Structure formats: structure tokens, C-alpha cells
2 protein chains.
Amino acid sequence: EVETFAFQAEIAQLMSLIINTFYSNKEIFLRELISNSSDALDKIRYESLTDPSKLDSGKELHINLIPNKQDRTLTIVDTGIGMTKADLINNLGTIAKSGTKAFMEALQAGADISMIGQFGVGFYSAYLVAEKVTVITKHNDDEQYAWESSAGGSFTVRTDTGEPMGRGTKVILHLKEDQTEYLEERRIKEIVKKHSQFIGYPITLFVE
Amino acid sequence: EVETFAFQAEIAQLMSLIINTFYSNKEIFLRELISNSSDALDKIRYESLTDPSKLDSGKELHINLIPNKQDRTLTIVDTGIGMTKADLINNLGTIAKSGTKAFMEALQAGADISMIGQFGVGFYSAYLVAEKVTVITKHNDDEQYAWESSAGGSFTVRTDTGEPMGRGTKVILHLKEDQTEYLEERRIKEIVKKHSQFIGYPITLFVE
Ligand SMILES: COc1ccc(CO)cc1O
Ligand SMILES: COc1ccc(CO)cc1O
């Protein structure tokens, strides 16, 4: 049982734009995914200030970076707040239609793709590097779900009976054939150091 | 009926540090307050996607900048989500103790005060320019409250029976004697243009 949904027109346009614009500085995708992860870790920390049972699903607040050259995947795992099914369907908890609008008009006033996260839709930068993106998420208030899209106007949602994760979000990036540099330890380290050096949670880069 | 609370030690330390460090680039305060405003406007927009009655307290999503040379105040008004009394007491909805920690260790690794918002405590930059800060807030789920602090380790909270605001947050900056440049139309315009030019909500600068 997989449900299939249409992107809103504006999100589908943002995805096309990210896929089709010539734009070399693709590396920013990782910074955007890590920021999303950091935000979501903040949220479950905040909630726990007043209800410490929120952390019964896992006390450790962190980010893992898991490359796999065999599968051609880069996985970003957080133990953040997670998303409900509703949040997942509703553009991964974003205000994506109005974010896309403000981003498009910025690209007019001399902005570039790297500024995507200022418009609150930095998730979609995944599509600079990935041909397909799988999102596994678990929120305290809901079940574990898998979201999936290879773009082209539609995404799926299914209840995930894969590995329970306890709480958080896992972004699986099925990388384009020409973007495997993002599987290299050296290169991931460099991008993390460049763009993500003041993140307030441990970021562990796994090794193969 | 005014309640008086002690800052957590770490927040009191952050406030001292902002007050006491020699640091010329004070203008960043406005960017930080506007970002907070933008975040809070995003939140009430998000909520409204699924419950349009959230906007019964006011449909218009915007930011006003109100200088007053007579009172020596600069007011930043948003129609964002607002804060509950609990959020207000608990460091204006922030994870300020762990934010302060990460900011302090950054200031070690060659970071500067302007990077305060990356640690999620950019509110406290108000204290670059203001000797006293009053926060009026109204959340859909609570009453209107006034928060007040001139730093020195303590803040007050009272239920505000002043002008009903419907929904949002109002930051009143009682400016230091030597910081009145932030009341000048020209200067506010310049800072908004410099630092806050891709905010996705109208920002109206009032005139005297
Ligand atoms: C709310 O949590 C999240 C939401 C979206 C994303 C996407 O990168 C990651 C998260 O951790
Ligand atoms: C959540 O709303 C807010 C919280 C804190 C501040 C502080 O600048 C402004 C807001 O609008």
C-alpha cells in the first residue's frame, strides 16, 4: 500500500528549476540538509525542556553522514523531531509554495541557487545531486513513514516497516551517475568543514 | 501583578557578553529581530495551511518598523505566531542555554558577535543597542503578555492590558543614549536593504 500524490504546481516548478538550471556549485545541498537536521534537533530539544519524556524515543541528538558506494547513496540521519504523515505530504513541514514564490523573484533580483535555504525550501536542493530521494521519518505522535520522489511531478508515501528508527529523519540520496564525488570521504569532510562548522550537534561521517 | 524571574546563568552570561564586549557592528540587531519575525510569520502561515481559523486573529502577515524619537524607541512588530507565557519565560521560545554554549565556543574558534543568529539566540542582540527591551506577545492559545528586561540577571512578566494586538510579537527597544542613529529613517532603510532584502513578508518603515 503506496499512496501517490501530485506536487503542487509551484513545488514541481522549483524541482524542475533545480534539475534544469546549469549551476556548478552543487555542494551546497549538504549544508541545506544538515541545517534542516539542526532545526529539527532544536525542536525536539525545545519540547524536552518542558516534557522530558519526548526524549524517550532516544536521548542522543546528532547527525550521521553515511556514504555507500555500492548503493550509490549518501544518507543524512538526524534524531530530530521527525515529521507526521501530514507534515510529510504538506511539503516536508515547509511553506514551500510561498517559499518558491519568494525564491523565484529573488532569482530575478540577482540571487543564485545557493541562497535556496533563505526561502525555507532547502530540502529540494537534494535534487542538485540525487536522481531519487527517499525520506524516512518518525515523529513521537505518529508512525514511521517513507516518502519517495524522482521528481517528475509526483511523490509517494507508504508506512515504513523497514528498520525502526525510534525518532528522526533519514534522507537517502540516490546520487546521479556523475555526482559520486559526494561519496568520497575527503570531499564530504571538506564540505562539512566549509559550510557546516558551527552546527551545534555532533556530525559523524561514517566510513566504508 | 508583575512576576520577576532570574535568567538562567548562561543567558545572563550571554547578555553580559553582548553588553560588555567592544564590538562596533551593532547594526546587525535589526537583521536578527526581523529574522525572528520572519520565522514566526512562517509558523502561523504553516499552521493555517491545515486550519485556516488560525488566521482569525488577523490574516495579514507582515513586519512593521516604528521609530519614535520622543520616546527613544524602535519597535519591531510582527503578526507571527506569538508566544505563550511558557515560551516567553523559557527564553522567548529558544534553546538559549545550549545556543549560548555553542556561540561561546564559536567565539573561541574565531567567530564574531554578528554570527549570533546561527546559534539561535539572536533576540539577545537587542542588547547591542537597547538599555531596556519590552516584548509584547499574543499567541492564539493564550493571553497577551508583556516581558521586560534591562538585563542585570532578571526579567519580568505581566499580563498586558495595553492595546490588544490580535496576534504576534512586538519588540520595543528603549535605545541607549548614544544609539539614536537607529531612529533615523535613512539609516533604518539602509540596514534593511543591506541585511534583510530577501525577507518574504512586507516590511513597512513608519515615518514620524
Ligand atoms: C523536521 O525534520 C526534518 C524535516 C525535513 C528534513 C529534510 O532535510 C529533515 C528533517 O530533519
Ligand atoms: C515566535 O515569535 C517571536 C519570538 C521571538 C521574537 C524576538 O525577536 C520575535 C518573534 O516574533
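Whatever order the structure lists ligands and atoms in, that order sets their numbers, starting from 1. Chain A is the first sequence line, chain B the second, and so forth, proteins listed ahead of strands; every chain is numbered from 1. Only this structure's heavy atoms are used, side chains among them; waters, hydrogens and symmetry mates stay out.
A salt bridge (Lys or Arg N to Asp or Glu O under 4.0 Å) check over residues 2-18 of chain B, counting only residues at least two apart or in different chains, returns the pairs B/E3-B/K85, B/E10-B/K97. The salt bridge (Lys or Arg N to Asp or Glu O under 4.0 Å) contacts involving residues 56-67 of chain A comprise nothing, where partners must be two or more places apart or lie in separate chains. For residues 162-172 of chain A, no pair satisfies salt bridge (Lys or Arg N to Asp or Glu O under 4.0 Å), with sequence neighbours left out.
The residue from B/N36, B/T137, B/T79 that alone fulfils the side chain to side chain donor-acceptor pair (under 3.5 Å) condition with B/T169 is B/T137.
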Table of N or O contacts for ligand 1, cutoff 3.5 Å:
| unit_1 | atom_1 | unit_2 | atom_2 | d |
| --- | --- | --- | --- | --- |
| ligand 1 | 8 (O) | A/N36 | ND2 | 3.1 |
| ligand 1 | 11 (O) | A/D78 | OD1 | 3.4 |
| ligand 1 | 11 (O) | A/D78 | OD2 | 2.6 |

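The aromatic rings of A/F7 and A/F155 lie tilted to each other, with the angle between the two planes from 30° to 60°.
Annotation: A/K101, atom NZ; neighbour count of heavy atoms from other residues, nucleotides and ligands within 6.0 Å does not exceed 12.
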